[PDB]
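Text of data07.txt, listed as compact mmCIF, C-alpha atoms:
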```txt
# COMPACT_ATOMS: atom_id res chain seq x y z
CA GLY A 1 149.96 85.96 108.90
CA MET A 2 150.02 86.60 112.64
CA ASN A 3 148.10 85.47 115.68
CA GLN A 4 145.62 88.31 116.54
CA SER A 5 144.39 86.21 119.48
CA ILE A 6 140.64 86.71 118.69
CA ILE A 7 138.92 84.02 120.74
CA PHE A 8 135.31 82.91 120.38
CA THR A 9 134.11 82.25 123.87
CA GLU A 10 130.85 80.45 123.05
CA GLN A 11 128.41 82.47 125.13
CA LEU A 12 125.53 81.74 122.73
CA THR A 13 122.13 83.36 123.40
CA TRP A 14 119.03 84.65 121.59
CA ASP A 15 118.54 88.40 121.60
CA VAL A 16 114.80 89.13 121.25
CA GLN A 17 115.42 92.90 120.74
CA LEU A 18 117.36 92.19 117.56
CA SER A 19 115.93 88.73 116.63
CA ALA A 20 119.49 87.45 116.43
CA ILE A 21 121.85 84.88 117.83
CA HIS A 22 124.27 86.74 120.08
CA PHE A 23 127.75 85.18 120.27
CA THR A 24 130.91 86.42 121.91
CA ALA A 25 134.50 87.05 120.86
CA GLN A 26 137.25 88.37 123.06
CA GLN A 27 140.62 89.89 122.39
CA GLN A 28 143.19 90.58 125.12
CA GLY A 29 140.44 90.72 127.74
CA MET A 30 137.93 92.81 125.82
CA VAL A 31 134.64 91.30 124.82
CA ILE A 32 133.29 91.87 121.33
CA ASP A 33 129.59 91.20 120.98
CA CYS A 34 128.74 89.53 117.67
CA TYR A 35 125.33 88.93 116.12
CA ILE A 36 123.82 86.92 113.29
CA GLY A 37 120.24 87.85 112.52
CA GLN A 38 117.39 85.36 112.19
CA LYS A 39 117.01 85.88 108.45
CA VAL A 40 120.76 85.51 107.81
CA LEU A 41 120.79 82.21 109.65
CA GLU A 42 117.61 81.00 107.89
CA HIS A 43 119.11 81.74 104.46
CA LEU A 44 122.41 80.08 105.44
CA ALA A 45 120.70 76.94 106.73
CA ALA A 46 117.91 76.90 104.08
CA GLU A 47 115.52 76.48 107.01
CA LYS A 48 113.00 78.68 108.74
CA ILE A 49 113.48 79.10 112.52
CA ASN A 50 110.54 78.59 114.85
CA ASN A 51 112.17 77.63 118.15
CA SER A 52 115.17 79.05 119.99
CA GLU A 53 116.55 75.51 120.46
CA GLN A 54 116.55 75.12 116.67
CA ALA A 55 118.17 78.58 116.30
CA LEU A 56 121.05 77.54 118.56
CA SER A 57 121.33 74.18 116.75
CA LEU A 58 121.65 75.97 113.40
CA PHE A 59 124.36 78.27 114.79
CA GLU A 60 126.23 75.17 116.01
CA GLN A 61 125.84 73.49 112.60
CA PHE A 62 127.53 76.45 110.93
CA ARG A 63 129.59 77.66 113.94
CA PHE A 64 133.00 77.66 112.27
CA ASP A 65 131.76 79.34 109.09
CA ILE A 66 129.97 82.02 111.13
CA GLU A 67 132.87 82.63 113.51
CA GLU A 68 135.31 82.69 110.54
CA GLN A 69 133.28 85.53 109.05
CA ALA A 70 133.06 87.37 112.41
CA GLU A 71 136.84 87.06 112.75
CA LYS A 72 137.35 88.59 109.33
CA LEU A 73 134.97 91.42 110.12
CA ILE A 74 136.87 92.16 113.36
CA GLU A 75 140.20 92.20 111.51
CA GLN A 76 138.69 94.54 108.91
CA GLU A 77 137.35 96.91 111.63
CA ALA A 78 133.78 96.34 110.41
CA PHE A 79 132.25 97.37 113.74
CA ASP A 80 128.81 98.93 113.81
CA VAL A 81 127.68 102.17 115.44
CA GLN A 82 127.35 100.35 118.82
CA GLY A 83 130.77 98.67 118.74
CA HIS A 84 129.28 95.33 117.70
CA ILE A 85 129.94 92.88 114.90
CA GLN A 86 126.99 91.98 112.62
CA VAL A 87 127.48 88.93 110.41
CA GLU A 88 125.41 89.74 107.30
CA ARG A 89 126.74 87.15 104.82
CA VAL A 90 128.24 83.71 105.27
CA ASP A 91 129.35 81.37 102.45
```
Translate the structure of the given file into structure tokens.
Amino acid sequence: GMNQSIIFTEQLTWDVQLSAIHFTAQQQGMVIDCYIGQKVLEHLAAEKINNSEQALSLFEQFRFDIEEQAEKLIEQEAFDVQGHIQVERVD
């Protein structure tokens, strides 16, 4: 229905602590850290990841599907115990 003004701000990095692509959303000035783990992205792409350049390229290939899912999770209040959004399934 309405415009919740959740913006994906495209700060795309690899997080070695989590083995995940870290991407950013923002709503009314507040940043929401979002993550898609290596294995999730490998399954989605049907490709194993062996270079961070490749990881970022795969995120970009599926950016709008991934961000769609993160947006839904945010709307559904599916935040984790650190206030983050973990994308566990796409498509």
Open item on the list: Here is a test: counting all atoms listed in the file, which residue of A:74, A:46, A:66, A:34 is nearest to residue 13 (chain A)?
Closed with: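 Looking at the shortest contact to residue 13 (chain A), the residue is A:34.
Minimum atom-to-atom distances from A:83, A:20, A:64, A:59 to residue 39 (chain A) were compared using all atoms listed in the file, and the lowest value belongs to A:20.
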TODO: Extract, using only C-alpha atoms, all DNA, RNA and protein residues at most 12 Å from region 55-58 of chain A, discarding same-chain residues fewer than 3 positions from it, and format them as a PyMOL selection string.
DONE: chain A and resi 10-15+19-23+36-52+61-66
- [ ] Would you work out the distance separating CA of residue 53 (chain A) from CA of residue 82 (chain A), expressed in Å to one decimal?
- [x] 27.1 Å
- [ ] In Å, rounded to a single decimal, give me how far CA of residue 25 (chain A) is from CA of residue 78 (chain A).
- [x] 14.0 Å
Open item on the list: Rounded to one decimal, what separation in Å do you get between CA of residue 30 (chain A) and CA of residue 87 (chain A)?
Closed with: 19.0 Å
Task: Minimum-distance residue to residue 33 (chain A), chosen among A:75, A:68, A:60, A:80 (using all atoms listed in the file) - done: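 Nearest candidate to residue 33 (chain A) out of A:75, A:68, A:60, A:80: A:80.
Between residue 35 (chain A) and the residues A:2, A:7, A:85, A:73, the shortest atom-to-atom distance, using all atoms listed in the file, involves A:85.
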Give me the residues within 9 Å of residue 5 (chain A) as a tab-separated table (two decimals) with C-alpha atoms, keeping the file's coordinate frame, counting all atoms listed in the file and dropping any in the same chain fewer than 6 places off.
```
chain	number	residue	atom	x	y	z
A	26	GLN	CA	137.25	88.37	123.06
A	27	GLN	CA	140.62	89.89	122.39
A	28	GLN	CA	143.19	90.58	125.12
```
Edge lengths and centre, in Å to one decimal, as AutoDock Vina command-line options: that's what I need for the box along x, y and z that holds all listed atoms of region 39-58 of chain A plus 5 Å on each side.
```
--center_x 116.5 --center_y 80.0 --center_z 112.3 --size_x 21.9 --size_y 21.7 --size_z 26.4
```
Assuming the input is short of atoms at region 59-81 of chain A, produce N, CA, C and O atoms for that part as a PDB file, in the coordinates of the input.
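Final file, result_32.pdb:
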```pdb
ATOM      1  N   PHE A  59     123.076  77.626 114.513  1.00  0.00           N
ATOM      2  CA  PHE A  59     124.360  78.270 114.790  1.00  0.00           C
ATOM      3  C   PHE A  59     125.480  77.229 114.941  1.00  0.00           C
ATOM      4  O   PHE A  59     126.574  77.331 114.318  1.00  0.00           O
ATOM      5  N   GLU A  60     125.209  76.225 115.781  1.00  0.00           N
ATOM      6  CA  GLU A  60     126.230  75.170 116.010  1.00  0.00           C
ATOM      7  C   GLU A  60     126.593  74.442 114.729  1.00  0.00           C
ATOM      8  O   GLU A  60     127.799  74.158 114.482  1.00  0.00           O
ATOM      9  N   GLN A  61     125.601  74.159 113.894  1.00  0.00           N
ATOM     10  CA  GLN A  61     125.840  73.490 112.600  1.00  0.00           C
ATOM     11  C   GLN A  61     126.813  74.266 111.717  1.00  0.00           C
ATOM     12  O   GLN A  61     127.620  73.675 111.014  1.00  0.00           O
ATOM     13  N   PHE A  62     126.740  75.592 111.766  1.00  0.00           N
ATOM     14  CA  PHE A  62     127.530  76.450 110.930  1.00  0.00           C
ATOM     15  C   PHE A  62     128.531  77.289 111.777  1.00  0.00           C
ATOM     16  O   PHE A  62     129.045  78.325 111.296  1.00  0.00           O
ATOM     17  N   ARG A  63     128.818  76.845 112.993  1.00  0.00           N
ATOM     18  CA  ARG A  63     129.590  77.660 113.940  1.00  0.00           C
ATOM     19  C   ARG A  63     130.892  78.174 113.325  1.00  0.00           C
ATOM     20  O   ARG A  63     131.237  79.361 113.435  1.00  0.00           O
ATOM     21  N   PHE A  64     131.668  77.270 112.743  1.00  0.00           N
ATOM     22  CA  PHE A  64     133.000  77.660 112.270  1.00  0.00           C
ATOM     23  C   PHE A  64     132.956  78.568 111.032  1.00  0.00           C
ATOM     24  O   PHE A  64     133.776  79.461 110.894  1.00  0.00           O
ATOM     25  N   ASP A  65     131.957  78.391 110.184  1.00  0.00           N
ATOM     26  CA  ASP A  65     131.760  79.340 109.090  1.00  0.00           C
ATOM     27  C   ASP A  65     131.371  80.719 109.604  1.00  0.00           C
ATOM     28  O   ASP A  65     131.799  81.754 109.087  1.00  0.00           O
ATOM     29  N   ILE A  66     130.476  80.740 110.580  1.00  0.00           N
ATOM     30  CA  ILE A  66     129.970  82.020 111.130  1.00  0.00           C
ATOM     31  C   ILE A  66     131.082  82.758 111.855  1.00  0.00           C
ATOM     32  O   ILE A  66     131.294  83.941 111.662  1.00  0.00           O
ATOM     33  N   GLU A  67     131.775  82.033 112.740  1.00  0.00           N
ATOM     34  CA  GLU A  67     132.870  82.630 113.510  1.00  0.00           C
ATOM     35  C   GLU A  67     134.038  83.043 112.583  1.00  0.00           C
ATOM     36  O   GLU A  67     134.665  84.096 112.850  1.00  0.00           O
ATOM     37  N   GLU A  68     134.283  82.290 111.497  1.00  0.00           N
ATOM     38  CA  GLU A  68     135.310  82.690 110.540  1.00  0.00           C
ATOM     39  C   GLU A  68     134.987  84.069 109.991  1.00  0.00           C
ATOM     40  O   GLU A  68     135.858  84.933 109.880  1.00  0.00           O
ATOM     41  N   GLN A  69     133.730  84.245 109.619  1.00  0.00           N
ATOM     42  CA  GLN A  69     133.280  85.530 109.050  1.00  0.00           C
ATOM     43  C   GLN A  69     133.360  86.655 110.110  1.00  0.00           C
ATOM     44  O   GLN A  69     133.817  87.750 109.796  1.00  0.00           O
ATOM     45  N   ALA A  70     132.961  86.370 111.359  1.00  0.00           N
ATOM     46  CA  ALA A  70     133.060  87.370 112.410  1.00  0.00           C
ATOM     47  C   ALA A  70     134.508  87.772 112.622  1.00  0.00           C
ATOM     48  O   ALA A  70     134.809  88.962 112.850  1.00  0.00           O
ATOM     49  N   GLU A  71     135.416  86.790 112.575  1.00  0.00           N
ATOM     50  CA  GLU A  71     136.840  87.060 112.750  1.00  0.00           C
ATOM     51  C   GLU A  71     137.382  87.994 111.667  1.00  0.00           C
ATOM     52  O   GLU A  71     138.117  88.953 111.965  1.00  0.00           O
ATOM     53  N   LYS A  72     136.957  87.765 110.443  1.00  0.00           N
ATOM     54  CA  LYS A  72     137.350  88.590 109.330  1.00  0.00           C
ATOM     55  C   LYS A  72     136.833  89.999 109.526  1.00  0.00           C
ATOM     56  O   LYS A  72     137.555  90.981 109.353  1.00  0.00           O
ATOM     57  N   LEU A  73     135.565  90.090 109.914  1.00  0.00           N
ATOM     58  CA  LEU A  73     134.970  91.420 110.120  1.00  0.00           C
ATOM     59  C   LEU A  73     135.717  92.210 111.208  1.00  0.00           C
ATOM     60  O   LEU A  73     135.965  93.426 111.090  1.00  0.00           O
ATOM     61  N   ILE A  74     136.069  91.523 112.289  1.00  0.00           N
ATOM     62  CA  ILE A  74     136.870  92.160 113.360  1.00  0.00           C
ATOM     63  C   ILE A  74     138.224  92.654 112.843  1.00  0.00           C
ATOM     64  O   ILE A  74     138.642  93.807 113.067  1.00  0.00           O
ATOM     65  N   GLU A  75     138.925  91.796 112.093  1.00  0.00           N
ATOM     66  CA  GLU A  75     140.200  92.200 111.510  1.00  0.00           C
ATOM     67  C   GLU A  75     140.094  93.377 110.573  1.00  0.00           C
ATOM     68  O   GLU A  75     141.014  94.186 110.504  1.00  0.00           O
ATOM     69  N   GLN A  76     138.978  93.476 109.865  1.00  0.00           N
ATOM     70  CA  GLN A  76     138.690  94.540 108.910  1.00  0.00           C
ATOM     71  C   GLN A  76     138.108  95.779 109.567  1.00  0.00           C
ATOM     72  O   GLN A  76     137.768  96.744 108.878  1.00  0.00           O
ATOM     73  N   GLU A  77     137.944  95.766 110.892  1.00  0.00           N
ATOM     74  CA  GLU A  77     137.350  96.910 111.630  1.00  0.00           C
ATOM     75  C   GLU A  77     135.915  97.222 111.222  1.00  0.00           C
ATOM     76  O   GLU A  77     135.451  98.359 111.284  1.00  0.00           O
ATOM     77  N   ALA A  78     135.159  96.190 110.873  1.00  0.00           N
ATOM     78  CA  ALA A  78     133.780  96.340 110.410  1.00  0.00           C
ATOM     79  C   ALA A  78     132.827  96.325 111.596  1.00  0.00           C
ATOM     80  O   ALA A  78     131.908  95.508 111.691  1.00  0.00           O
ATOM     81  N   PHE A  79     133.094  97.202 112.549  1.00  0.00           N
ATOM     82  CA  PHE A  79     132.250  97.370 113.740  1.00  0.00           C
ATOM     83  C   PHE A  79     131.135  98.335 113.405  1.00  0.00           C
ATOM     84  O   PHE A  79     131.334  99.284 112.622  1.00  0.00           O
ATOM     85  N   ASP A  80     129.982  98.102 114.008  1.00  0.00           N
ATOM     86  CA  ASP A  80     128.810  98.930 113.810  1.00  0.00           C
ATOM     87  C   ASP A  80     128.771 100.111 114.736  1.00  0.00           C
ATOM     88  O   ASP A  80     129.712 100.332 115.507  1.00  0.00           O
ATOM     89  N   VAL A  81     127.744 100.960 114.615  1.00  0.00           N
ATOM     90  CA  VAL A  81     127.680 102.170 115.440  1.00  0.00           C
ATOM     91  C   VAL A  81     127.459 101.942 116.953  1.00  0.00           C
ATOM     92  O   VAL A  81     127.437 102.894 117.722  1.00  0.00           O
TER      93      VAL A  81
END
```
